[PDB]
Each structure stands twice: as C-alpha cells, then as structure tokens.
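There are 2 protein chains.
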Amino acid sequence: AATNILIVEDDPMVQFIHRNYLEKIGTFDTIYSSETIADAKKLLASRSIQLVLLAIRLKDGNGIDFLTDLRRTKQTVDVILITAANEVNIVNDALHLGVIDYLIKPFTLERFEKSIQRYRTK
Amino acid sequence: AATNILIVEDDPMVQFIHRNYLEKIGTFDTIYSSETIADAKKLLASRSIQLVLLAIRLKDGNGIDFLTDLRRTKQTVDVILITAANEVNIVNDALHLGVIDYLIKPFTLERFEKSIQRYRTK
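Going down the list, the sequences are from chains B and A. Per the authors' numbering: the first sequence = residues 0 to 121. Per the authors' numbering: the second sequence = residues 0 to 121.
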C-alpha cells in the first residue's frame, strides 16, 4: 500500500489500539494521531493523508459534523468510522433531531410499548 | 389518554402492524396513515398530530431528511423512528457521507482488517 492514515479519537488507549492494529496488518507507512478536530483539520492541511479513522465523540466537537465539512470541501480523504455511537446516538446526539425512540425492524410487541411509554414520560 | 398519531411508512403491511400494535395498547382516538412524505406533510398542515411514527426509506424521499425539515420548521411533533436502517444507512444512504465502513465499539481483532480491506478495494 504505502499510504497515510490519520487517527482521530479522544481516548488515548483506543488511539493506541488503532495504532497497534494498523501495524498488525502493517501495509502503511505513516500513522498520525489527533485527539481533536482542530488538530485533525490542521494535520490534513499540513501532511497529505489518504484515509482517516474517525470517532463521533471528540473533546472539541462532533465527528459527524466534521465529516460533513470534509465532504463539503471535497477532500481527497477516505473516511472509515470507528465509534461507540448507535443509530439512536446519530439522530439525537449527532444530528440533534430529538427523536423519542429508534425502533429497529424487526421488533417484538414488548419493545413497541416500551417505545410508547417513552412518549408518555415526556 | 386521547392523543393523535400519524404513521408514515411506504409498505402497507408494516403500516397495518403499527396500527394493530397501537390499538393493542389503545391510548389513542385516531391513527393516520401515510405512504409518502408528501401525504404526511399535507396531513401535518391539516389535522392535529402529537406523535409521528416515521420510517426512513419512503417512496418520495428520505425519512431523516423529512425529520430535518420538520425541526427546521419547528413543528409541535414527537417523532419516533421505526426503521430497518442501521448506522451505516444513516451515514451513507441518508446523509451521503461516502464512509468506507462503520465499526461499532467494541470491535473484534479480525473485524478491524475487514474494515481496512474495504478501503483496499477503493
């Protein structure tokens, strides 16, 4: 390969885990670390990077918003998300849309009324 | 007791299931049906609706896009997403963000390289 990878992740242990794993395949030369979006933006403008490993919860901002920006400016960067956030998190915490509950299909009857009683509590 | 619901789902079977399940609790007077965003919007301007059971893959557009407009217009409405779409679908199909992969934390030793292999083939 011989390609550049930027890791953007808040927790330094998981940063080390991506670092370790990428060298355990080890096709790639330079591996950059960043704990903030502000660092990541400046690193992209500094050294040319091929792929990016991005989280959603960073210290300074939201990962999904940064990716939105990254596509608007039409960056020569291939992004792959490594994140704890599920569907419910993307809608509420990342898109700020304010959904009561995210029902996954297929669903059981008990899960449906669980999602209905969540409305009543609001 | 006594509240309004609009179902917006493109397939009429799952529409009947939502209807059947809402009555199998039954806190509600009227339950409205819709197969498009267009039919839903017109109902929202028309009759009083408290909560909305919204899908993502609708006939005339994307449910997440309809939700975004619904909040930018600031509608007095309680969305509850009932959908088969995962995180990857919200990022790429619903937000068009051209992501290579989505690893849900925590990830396996091996699933990391599969996610990298999806970069190697692009």
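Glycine included, C-beta positions come from ideal geometry on N, C-alpha and C.
{"Check": "Decide if the stretch 44-54 of chain A is in contact with the stretch 64-76 of chain B; the criterion is three or more beta carbon pairs, one per stretch, under 8 Å apart.", "Outcome": "no"}
{"Check": "Where does residue 101 of chain A sit, in a helix, a strand or coil, going by DSSP?", "Outcome": "strand"}
{"Check": "Interface residues of chain B around residue 79 of chain A at Cβ under 9 Å?", "Outcome": "98, 99, 100, 101, 102, 114, 115, 117 and 118"}
{"Check": "So which residues on chain B does residue 65 of chain A lean against when the C-beta distance must stay under 9 Å?", "Outcome": "Result: empty, since nearest Cβ-Cβ is about 11 Å, beyond 9 Å."}
{"Check": "Within 10 angstroms of its Cβ, does residue 25 of chain A collect 16 or more other Cβ (buried), or is it exposed?", "Outcome": "exposed"}
{"Check": "Per DSSP, which one or two residues make a beta bridge with residue 163 of chain A?", "Outcome": "Nothing can be reported for residue 163 of chain A: it is not among the residues displayed for chain A, which extend from 0 to 121."}
{"Check": "Could you check the C-alpha separation between residue 57 of chain B and residue 36 of chain B for me, to the nearest Å?", "Outcome": "7 Å"}
{"Check": "Taking Cβ-Cβ distances below 8 Å as the criterion, which residues of the stretch 47-75 of chain B are in contact with chain A?", "Outcome": "50, 63, 66, 67 and 70"}
{"Check": "Taking 7 Å as the limit between beta carbons, can you name the residues of its chain near residue 21 of chain A, skipping five residues before and five after?", "Outcome": "4, 27 and 30"}
{"Check": "Cβ atoms of residue 110 of chain A and residue 99 of chain A: under 7 Å apart, would you say?", "Outcome": "no"}
{"Check": "Would you verify that the beta carbon of residue 31 of chain A is, or is not, closer than 7 Å to some beta carbon of chain B?", "Outcome": "no"}
{"Check": "Strictly below 7 Å CB to CB, what residues from chain B border residue 40 of chain A?", "Outcome": "Ordered by position in chain B, no residue passes the 7 Å Cβ test against residue 40 of chain A, which lies about 17 Å from the chain."}
{"Check": "Look at residue 32 of chain A and residue 79 of chain B and say whether their C-beta atoms are less than 7 Å apart.", "Outcome": "no"}
{"Check": "Can you tell which of A/60, A/59 and A/34 has its C-alpha closest to the C-alpha of residue 52 of chain A?", "Outcome": "A/34"}
{"Check": "Of all the CB atoms in chain B, is at least one closer than 7 Å to the CB of residue 86 of chain A?", "Outcome": "yes"}
{"Check": "Note down, in chain order, each residue of its chain lying with its Cβ closer than 7 Å to the Cβ of residue 101 of chain B, except the 5 sequence neighbours on either side.", "Outcome": "86, 87 and 90"}
{"Check": "Between the C-alpha atoms of residue 40 of chain B and residue 49 of chain B, what's the straight-line distance to the nearest angstrom?", "Outcome": "14 Å"}
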